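In: missing the sequence, but the structure's below:
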Ligand SMILES: *C(=O)[C@H]1NC[C@@](C)(O)[C@](O)([C@H](CC2CCCCC2)NC(=O)[C@H](Cc2ccc(OC)cc2)NC(=O)[C@H](COCc2ccccc2)NC(=O)CN2CCN(C(=O)OC(C)(C)C)CC2)O[C@@H]1C
Ligand SMILES: *C(=O)[C@H]1NC[C@@](C)(O)[C@](O)([C@H](CC2CCCCC2)NC(=O)[C@H](Cc2ccc(OC)cc2)NC(=O)[C@H](COCc2ccccc2)NC(=O)CN2CCN(C(=O)OC(C)(C)C)CC2)O[C@@H]1C
Ligand SMILES: [Mg+2]
Ligand SMILES: [Mg+2]
Ligand SMILES: [Mg+2]
Ligand SMILES: [Mg+2]
Ligand SMILES: [Mg+2]
C-alpha cells in the first residue's frame, strides 16, 4: 500500500513495511520510501528489485544532472527519465511508483505505471492495498489540507491497507516534503502491529544438537 | 519403496513409512502393509487413498469368500479380485502398485504384483515404488535362494534403508514381515534415524556420507 | 523444469549477542536421486560469509564470480570487503542479469570489522535485498525454516545458545523437505574467531 | 471457464495429550487478498466427544462436516444410540471423502477426541480419504510453517540429551493441557507473523472425558 | 459452465445496534455498456428479510422467482404462516446456500454473489453471504465485487468487531453506507448514481428506500489538473 | 549413449561406458568408445544428445592438448574438471546448449591421488568416490553405497563394476551391448580388453 | 510385451513370444508367458497395452472353452480367428478399446493343415505363412521372405526362428529377455523348454 | 474514453471525458486527455496511455525543433508527424489520436489517426470506446460553421451521451477552444451535463 | 441487424432493417425480422437466424395452445414464454429478442430479452449490432405518449442512422403498427430514409 497527499505548503508520501514472496512475509519491516534526491522521494509497488533498481538509476542520473546544471533537481526530470526508461522496456520492468517532491518550481505529486504512463493528482494510491487506501482518501480528502491533516490522512489511508489488505501489514513509514524546509523521513511513524510476548522460551539446553566435527575457520592471511 | 521376495524360509516383506505431498513430507510413520488375514499380506505404493481404500476393501472380499466357501482365499484369487477391480477403473486415474504375499497349502508361499494398469504377475522378487530401482540394486546383488531367515530379514531391511537414503520420496522407518506355512510374523519398526548410523558403523558401508 | 528445486538445499542465518550464525544442508540431487552428500552451500571472502541455495551450477558459478570480484576489491582498496558493501555487490551483480537471472537464493552473514556490529541479509534471484536483524532463510524448505525460526528465535543469544537454535531450526525444517537434508554444516562467527560444526542428522 | 474450487485460507492444528486432545483453528476466512470474515469458526463439536475441522475450500469443508454430523445422527438411530468411537468416525470420513474421488472435497481434514481407552486421539485425512492416527498434525495454508515446530516441541525430534554425545534421544513424554495450549498459542502467533492468510482470531476446542470446552484468543489483524 | 451477460455490481451491508442495512445500485451492465438503468437488486422476503444480489441478472430473476415461490409454499397448510412459522432470514439463506452449492457441484453455477440481510424472530441481527461457489461467511460488514475492496474498509472503521454493534446507531450506520455508495460511484466503472437501500430494524421493521442518489460529490479540484506531467496550460 | 559409470578406488579411477549406439529401432554399432583421453593421466567419458557428445569431448580434448604443448606440463584433474564445468556452465545459457553429461577420471601426480568428477550438462560438478549419469545411477548408487569400501584395490574395483553391470543387464529395459572399461592410475590410462 | 512371432511350416505352427515385462526403467519379470491355450489344437500369443493383453486373452479363452463344453467339439482355427477378429472389430468402436495384437496358431484336424492368423487391435485379420506384431516385423518379414520355404519340417522351422531371434537380439534397442517357443501340430500344443 | 474535435466559424474545439480505467477500476477520475503539442496544435488521446503519452511527447519535441528552424508548423505537418510514428510502429502501438489545430491562414482543421496510422481530414471527428454510442447522434446534429456556443453545446451533449452509456468514460468534460483570440480551457461537471 | 420497439399513445410500433449477412456477403437483402407469435403479439429477432426462428415457432405454438384453453394471452405471458426458452437453453442459444404486444387493458408494452435470457419491461427497446450507434440518438429524441406519425418518424430516423454506420444493417426499413384499430405493415425504401 503506498499513498501521496498534496497539502498547502508541500506533499506527503506514506507506505506500509511488508515484503511478500507468494503468501509468505519475506520482510516484516522493509523500507518502500526511496530518495531520488534530497527533496524528491519515491514510493514503490510491484517487482521489489525493479522499483529499487529504477529509483537508484534515475537518482544517480539526477545527481549528475544537478551537478552539471548547478541547479536543484526537479520532480518533472525524475518523472520524464523514469517514464522514458520504463516505456523503452515495454512493461517488462515491473515498477509502479508514486513520485513526490519539492523543487524551485513548487510541490509535485505523480504516479508512474510499469508501461510508462504518468498521472497528476492531489491524492494517489498504488499497490494491492490501493483500493482500501483510496476508499479512505475519497472519504476524507479536502482541498487546503494543513501539514498535520495531510500526515493523518496519509497514515489513515495506509492503515486501511494494513488491516483490510493481506498484501500489506506491519508499520507506517512517512516522508514529509515541505516547500522551504528539509524533507523529514519519519521511519516507523506508526507501529500498531507489535508481536505479543510469547508463552514460552524455546531457548534450548546446551548440547541438545548432535555434532560430528568441529574446526576453527581461518578468515586471516 | 516396498519389497517382497521368496527364499528357502518363506517370504520376506519390507516397506518404508513415508507419505509425500509433492516435495512436502506428509508423514514419517505410515503403515504400507495391510494384514488381510493371518496368512495374507498386502503392500501399498502409489495414491495413499487409492491404496488404503481398495486394499481394506480387498480384506472385506477375502472375508466374504471364507464365509461362503468355508476356506481361506488363495493368493491367486485374492490378487485377481484386486487386479479385476482396478482394470474396471482403467483410464480413470487410479494409482496403485501392490504386492499380495501369502501362504496357502495348495499354492505354497506366493507373491503377486498387481498395478493400476491391470498388470498381474506371479514372481519370486518384486520392488515397487519411486525407490524400487535403489531397492533392486542392493537386493538383486546379495539375493540367494538359501538366505537364512535371519540374513533374508536383514537384506530386506538393508534394501529399504538403501532406498530410504538415495530416494528423496522414501524414508522414515522400515517395517518388516516374515511369511511362513504358520502365517505372517511382524519383525518390528526400525527408524532410519538410528538404523542408518548403526548399519554404517557395524557394516562399514555408506562411505559416501560424512561419518 | 523449476530451476530453484532440481538440486534442492537450504541456508539459514541468525544474529546473536556480538555474533552471527549461518548454516546449510549438504544435499545435491537430480530431483528424486540424491547424488552428493558433501555439497556445501556456504563460502567466505575474508570475514564475509555467503550461503547460496538454488540451481547448483549457479551456486558454483556465483561463488567463483564473487571470489573474483572480492579479490580485485582487496587489491585496489587494500582491505577486505565488509558485509554491508558485499551485500550491495551481490545485489548489483544479480540485477545485472535481470532478463536471464541466476536461479539462486543468496544469504550474506558477517561482523563489520570496524563497528563490531553483527550483519545478515538475503536476496531474491534478481537482486532485491531483504535485510533482517533476526534471521534470513532460503531454499526448498524456506516455509519450514520461516516456521522454525519464528518460534525458536529470541534476540541476544550467546554464541553457544545461538548454535542450538539455528541447528534445531535447520535440522527440523530439512526433515519435512524431500529435497533438503543429507547432512548439515553450522558456522558460529564471533569478532575474531569462526567455529565450523558438522551436525549429525537423519540420512533419508 | 468455470472453476468449481477456491481457497479460503486459514490453518488448523490438532495435538493429543494422555487423557485430552486439542483441535485449534484461526477464525480468519479469505479469498485472494480480501478478508471475508475475522471470525468464521471452522472447528466444530460433532457430538460423541469428536471435534472436526475441514480446512481449505470452505464450501467443501462445510459440506463434509454437515455430512459427518448427519452420519453420527444416523449411527445413533440405526445402532441403538451407540457411541461413535474416534476410529469408527475416522473410517466413516474415509468413505465420505473417497465417494468424491473423481471430483474431490478440496480440504485437509483433522478430527480429535478420545480413543476407546480414554487416551488423546488425532486423525488427519488427505482430500480423497487417505488417513492415519498421529500425536499431532497441522493443516491448511501455514501447515508447512507449523508442522516442523510440532515435530520438534511435541515429539522432541532432533533433540538429544545434553552431554550424551548425540547417542541418547530426549525422552518422548505426554504434555499437560497447560503446555499444549502454550505450543498452540505460539504456533499461531508465529504463523500469523509470516503467513498473510493466517490472523484475526484463534479458537481452541479441548476434549476430555468431561466433554468439549472452548478457549478463544485475539491474533494480529494485519 | 456459463459466462455472465447482464450484470449488477456491488451489494454492501452492515449490522447496527437494533438491525441491519443493505444497499445496491439500480444498473444492469452489458460488459462496458451501461444498458439498463431501473434494475432492483434488493428483493424483500416477508417483513424481516432483504436478499441483495450481484452478478448475472438472468440468474438473479430466477432467484426472485424461487423466493416468491418459497413464500407461497410456506403458507400452504400453515395457519401460523404470518406468526411463529413465518420464513426467517436464516431459513431463506440456508435454502439459497443449498441451491448455490448444488448448482456449482453440477458444474452449472448461478453466477451471483448474494447477501441475506434481516432480523430473526428473537430480535437477533442476521447477515450472511453466499456466492456461485457455495462459499458462505458472516461478518459485522459484508460486500460483493468492488464493495469488498472499497466499502468494507470504510464500514469496518465504524464496526470493527462484534462489541462495536451495540454502540452503532442506525443514523451512523446508514451514513457509512451512503458514503460507501458515493466512493463506489467515484471508483467503480460498472456502478451507477441511482441506488436502493433497505433497513431491517427489530422495532420499526422493514424500511425500503428507492430512487436514492449519490450527493455531495467533490469534483472542483479537477479544473486545476493540467496534462500528465510537464504541461502547464 | 545412456550408461557411463566411474569408481575411484585406492590408487586408480575406473570408467565403464556402454558400447551401444542406437537410432530408432536399429542398434547401428555395438563397439562404441564413449571416451577421449584429455591428457596422459586424465580420461573423460560422455553421454547425451547425438552429435553433441563427440563434438564436445573432442573440443575439450583439443584445448587440454594445446595447454599441455604451450606450458610443456599436464593440468591437474581438478583444473581440467573446473575448465570443463565452466565450458558447460557457458553452454547452458547459449543459443543451442551442449546436451552432454561427463565423468572425468584422473590421477593427480602431485598429490598421488585418484580423482573422479561427475559433471552434468548444466555444469553441476561434484567430486565422488563413485558416480553415474542417466538411469544407471538409480541402480548403481545404492548398490555401491552397500559394497564400496574406500581402501579397495584396482582388482576389487573391477569386481565391484561387474556387480554394477550384472545388475544393469538384469533390470535395465534397453540392450546397451556391454561396457568398455578403462583404468586411470599413476602409470596413465589402459583399457581392459575383455569384460 | 513387444515381440511376438509366428511361422507356419509343413505340419506345425511355431509361436515365439518375448519373456520381458517392463514398467519404467525396471524389468519387473524375465519369464512371462504371453500365450493362452484357447483349445487343445489352438494357441493365441498377444502383445499391447498393459492389463488389456491378459484380460482380453483370458476372456477369449473362457468363450472358446465354453463353446467346447457346450458342443463337445473343438472349433476350427479359422472359426476361432473369425470370433477373435469380430471381438476386436467390436472393441475398436467401444468406450475404451482393447489395445491388443494377437497371433493365432492352430492345427485344423479336419483339413490336416497348420494355420497362422495375424490380427491387430483394429480387427485386421490375415492368414500368413509367417507373421509378427510391433517393430519385430521390420526385421523378420524380409529375413523370412529370403529364408522361408513352404515345405520345411518343424526342426527347420525352429532354426528359421533362431535366425529371427539372433537378428532381433543384434539390432533391437530393448532387452526382451529371450523367447518362449510353442509348437502347435496334430498332437496338440507343447513348449520347447530351452531356447 | 470519449474524445472529439469539432471545426466551427472561429476555429476548432477539442472535447474529452476525464476517466481512465484498469478493468472496472477507475485508476484516475480527473485525467487530462487534451494535450498540447504546440501553442495552437492540440490532440485528444485514446488507447494505451503509455503509447499516446510517449507519442505526444515525441511530437512536441519534433514541433519545438521544427519551430526553431522553419517557424510555426501547419496542423497538417503535426498530423503528418503523428501518422509517421503511428504507421511505422503500428505493430507495437495501440494509439487512436485526434489532431486539432488553428493556423491563421487555414483556420480550424481536424485530422483523425485511427489504429492503422491512416490519416483522415474531417470537419469533426469522434473516437474512444464511448464514441460508438454517439455516431448516430453526432451525424444528425453536426452542421458546418457553427458558433462557439453551439459547438460547445454539440460537444457537451455528445460526450454527455457517450459518458451515460460507456462505463469506460465518465468524470468531467474537459474542452480546449482554439481561435485567433488564443487558447481557452473549459471544464463541465457531472451535476451540469448528466441531466441534459 | 437493427431492431427496435416503441410504445406510444395508441399502442406500440416494431421496426427492423431487412439485411442478413454471412460475413461480408448479404445472404438476403429483403429479410422480414418482424415475426407474429399472436394476432397482436409480435417480436423483432436478432442473433442466430436458426435459433430465433426455432424459438419464435415454438412460442407461436405455445400461444396458439394457450388461446385454445384460456383465451388471448397477455404481452407479459408471451415475453415469459420467450424468456423460459432463452434462459433454460442459454448455453446453446444466440438470441436477442424484443417482444411487443397490444392488450386492450394493458395498451402497448415492450419487453427485451438480451443474450442471458433476463427480461426487461421498457417504454422502448433497441437491439442488434446496429443499435450501438443510436443509443445516444434514441435516448435524446424519445418522449413517452408520442403520436403514430411521431413514433414512425422516431423509428425511421433511428434505424436510418443504424443502417448508415452498421455494415450488418441495410435494405428496407420494415415496421408493424399494433393498436386497437388492428395490424398495419409499413415499408420504407433506401431512396427515402438514406437522405433524412
Ligand atoms: C501495498 O500495496 C503493498 N502491497 C504489498 C506488495 C507486496 O504487493 C508490495 O508491492 C511490495 C513492495 C516492495 C517491498 C520491498 C521494497 C520494494 C517494494 N512488493 C513485493 O513485495 C514484491 C511482490 C511481488 C510483486 C510482483 C511480482 O511479480 C513477479 C512478484 C512479487 N516482492 C517481490 O518481488 C519479492 C521480493 O523478495 C524479497 C525477498 C528478500 C530477501 C529474500 C527473499 C525475498 N521477490 C519476488 O517476487 C521474486 N520474484 C522471483 C521471480 N521474478 C521474476 O521476475 O522472475 C524472472 C525469471 C522473470 C526474472 C520476480 C521476482 O508493496 C506494496 C506497496
Ligand atoms: C516407495 O517407493 C515409496 N515412495 C514414497 C511414496 C510417498 O511415493 C509412496 O507411494 C506413498 C505410500 C502411501 C502412503 C500412505 C499409505 C499408503 C501408501 N504414497 C504417497 O504418499 C502418495 C503419493 C502420491 C502418489 C501418487 C499420486 O498420484 C496422484 C499422488 C501422490 N501421497 C498422497 O497421495 C498424498 C497423501 O497425502 C498428502 C496430503 C496431505 C495433506 C494434504 C494434502 C495432501 N495425497 C495426495 O496425493 C492427495 N491427492 C489428492 C488429489 N488427487 C487427485 O488425483 O485429484 C484429482 C483432481 C486429479 C482427481 C490425488 C491425491 O510410498 C511408496 C511405497
Ligand atoms: Mg507498448
Ligand atoms: Mg529420502
Ligand atoms: Mg531430508
Ligand atoms: Mg497476517
Ligand atoms: Mg459512465
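Out: The structure has been received and is ready for your questions. Residues are numbered from 1 along each chain as shown, chains lettered A, B, ... in the order given. Ligands and ions are numbered 1, 2, ... in the order given.

In: which residues sit in contact with residue B:128?
Out: Listed by C-beta atoms under 8 Å, 6 or more residues apart in numbering or on different chains, the contact set of residue B:128 reads B:2-3, B:43, B:45, B:97-99, B:113, B:115. Placement of C-beta: from N, CA and C, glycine included.

In: against residue B:44, how distant is it?
Out: Note on residue B:128: its distance to residue B:44, by C-beta to C-beta, to the nearest Å, is 9 Å.

In: and for those two, which residues touch both?
Out: B:2, B:98.

In: so which strand or helix has the closest residue to chain B within chain E?
Out: Nearest residue of chain E to chain B: residue E:107, at 17.8 Å (C-beta to the nearest C-beta). When elements are defined using DSSP states H and E, residue E:107 is found to belong to no helix and no strand.

In: now render the contacts of residue B:128 as JSON lines, adding distance to chain H.
Out: Formatted as JSON lines, those follow (distance: C-beta to the nearest C-beta, whole Å):
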{"residue": "B:2", "distance to chain H": "52"}
{"residue": "B:3", "distance to chain H": "57"}
{"residue": "B:43", "distance to chain H": "54"}
{"residue": "B:45", "distance to chain H": "48"}
{"residue": "B:97", "distance to chain H": "48"}
{"residue": "B:98", "distance to chain H": "51"}
{"residue": "B:99", "distance to chain H": "56"}
{"residue": "B:113", "distance to chain H": "56"}
{"residue": "B:115", "distance to chain H": "49"}
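
In: what subset of those is buried?
Out: Listed as buried from these are B:2-3, B:43, B:45, B:97-99, B:113, B:115; burial here means 16 or more other C-beta atoms under 10 Å in any protein chain shown.

In: among those, which pair sits farthest apart?
Out: B:3 and B:115 (15.0 Å; C-beta to C-beta).

In: got the residues of chain H near chain E?
Out: H:18-19, H:21, H:23-26, H:29-32, H:35-36, H:49, H:53, H:129, H:164-168, H:170-172, H:183, H:185, H:187, H:189-191, H:194 (C-beta under 8 Å from any C-beta of the partner chain).

In: tell me which of these fall in strands.
Out: Among those, the members falling in strands (DSSP state E) are H:21, H:25-26, H:35-36, H:183, H:185, H:187.

In: which one of the residues you listed is nearest to chain F?
Out: When those are compared against chain F (criterion: C-beta to the nearest C-beta), the nearest one is residue H:25, at 39.4 Å.

In: what's near enough to touch the closest one?
Out: Contacts for residue H:25 were tallied using C-beta under 8 Å, 6+ apart; they are A:131, E:146, E:187-189.

In: check residue C:179 too.
Out: B:23, B:168, C:5, C:7-9, C:27, C:29, C:140-141.

In: secondary structure element for the residue of chain B found nearest chain C?
Out: Closest to chain C within chain B is residue B:171: 2.9 Å, counting by C-beta to the nearest C-beta. Using DSSP H and E, residue B:171 maps to neither a helix nor a strand.

In: pull the number of nearby residues for it.
Out: For residue B:171, the count of nearby residues is 30 (other C-beta atoms under 10 Å in any protein chain shown).

In: can you check residue B:4 too?
Out: Residue B:4: 27 surrounding residues under other C-beta under 10 Å.

In: surely residue C:148 meets residue C:176?
Out: No - Residue C:148 sits out of contact with residue C:176 when judged by C-beta atoms under 8 Å, with a separation of 9.3 Å.

In: any common contacting residues for the two?
Out: With C-beta under 8 Å, 6+ apart as the test, residue C:148 and residue C:176 both reach residue D:148.

In: out of those two, which sits in the busier spot?
Out: Per other C-beta under 10 Å, whichever of residue C:148 and residue C:176 has more neighbours is residue C:148, with 32 against 27.

In: dihedrals phi and psi, the more buried one?
Out: Dihedral angles of residue C:148 (phi, psi; degrees, to the nearest 10) stand at phi -60, psi -50.

In: could you check how far it is from residue C:25?
Out: 13 Å.

In: residues that sit against both of those two, list them.
Out: With contacts taken as C-beta under 8 Å, 6+ apart, residue C:148 and residue C:25 have residue C:170 as neighbours in common.

In: element containing residue B:54, please.
Out: helix B:48-68.

In: what does that helix contact?
Out: So helix B:48-68 is contacted by B:19, B:30, B:32, B:34, B:36-37, B:40, B:42, B:44-45, B:71-73, B:77-78, B:81-82, B:85-86, B:94-96, B:98, B:116, D:94, D:97-98, D:101, D:126, D:128-131 (C-beta under 8 Å, 6+ apart).

In: can you give me the strands for chain F?
Out: For chain F, the strands defined by DSSP E cover F:4-8, F:12-18, F:21-22, F:27-29, F:35-39, F:42-48, F:100-108, F:113-119, F:125-127, F:130-133, F:179-185, F:188-192.

In: want to throw the ones you listed into JSON lines with mean neighbour count and distance to residue H:151?
Out: Below are these laid out as JSON lines (neighbours: other C-beta atoms under 10 Å in any protein chain shown; distance: least, C-beta to C-beta, whole Å):
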{"stretch": "strand F:4-8", "mean neighbour count": "27", "distance to residue H:151": "84"}
{"stretch": "strand F:12-18", "mean neighbour count": "26", "distance to residue H:151": "86"}
{"stretch": "strand F:21-22", "mean neighbour count": "20", "distance to residue H:151": "82"}
{"stretch": "strand F:27-29", "mean neighbour count": "14", "distance to residue H:151": "84"}
{"stretch": "strand F:35-39", "mean neighbour count": "21", "distance to residue H:151": "85"}
{"stretch": "strand F:42-48", "mean neighbour count": "25", "distance to residue H:151": "75"}
{"stretch": "strand F:100-108", "mean neighbour count": "26", "distance to residue H:151": "75"}
{"stretch": "strand F:113-119", "mean neighbour count": "24", "distance to residue H:151": "77"}
{"stretch": "strand F:125-127", "mean neighbour count": "20", "distance to residue H:151": "77"}
{"stretch": "strand F:130-133", "mean neighbour count": "27", "distance to residue H:151": "79"}
{"stretch": "strand F:179-185", "mean neighbour count": "22", "distance to residue H:151": "91"}
{"stretch": "strand F:188-192", "mean neighbour count": "15", "distance to residue H:151": "94"}
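
In: and the one residue in chain C that gets nearest to ligand 5, how far is that from residue G:188?
Out: Closest residue of chain C to ligand 5, C-beta to the ion: residue C:181 (2.4 Å). Using C-beta to C-beta, residue C:181 is found at 61 Å from residue G:188.

In: and what of residue D:188?
Out: From residue D:188 to residue G:188 the distance is 76 Å (C-beta to C-beta).

In: count the neighbours of residue 192 for me.
Out: Since no chain was named, I'll use chain A. Neighbours of residue A:192 using other C-beta under 10 Å come to 14.

In: switch to chain H, please.
Out: Residues near residue H:192, counting by other C-beta under 10 Å: 14.

In: same check, this time on residue B:42
Out: 27.

In: surely it touches residue B:32?
Out: No - counting by C-beta under 8 Å, residue B:42 sits too far from residue B:32 to count as a contact (9.3 Å).

In: look at the residue nearest to residue E:116 when sequence neighbours are not counted and give its secondary structure.
Out: For residue E:116, ignoring the flanking residues on the chain, the nearest one in space by C-beta to C-beta, 6 or more residues apart in numbering or on different chains is residue E:93 at 4.0 Å. Here residue E:93 takes the helix state, with states given by DSSP: H, G, I helix; E, B strand; the rest coil.

In: list the residues that contact residue E:93.
Out: Residue E:93 makes contact with E:116, E:126, E:128, E:130 under the criterion C-beta under 8 Å, 6+ apart.
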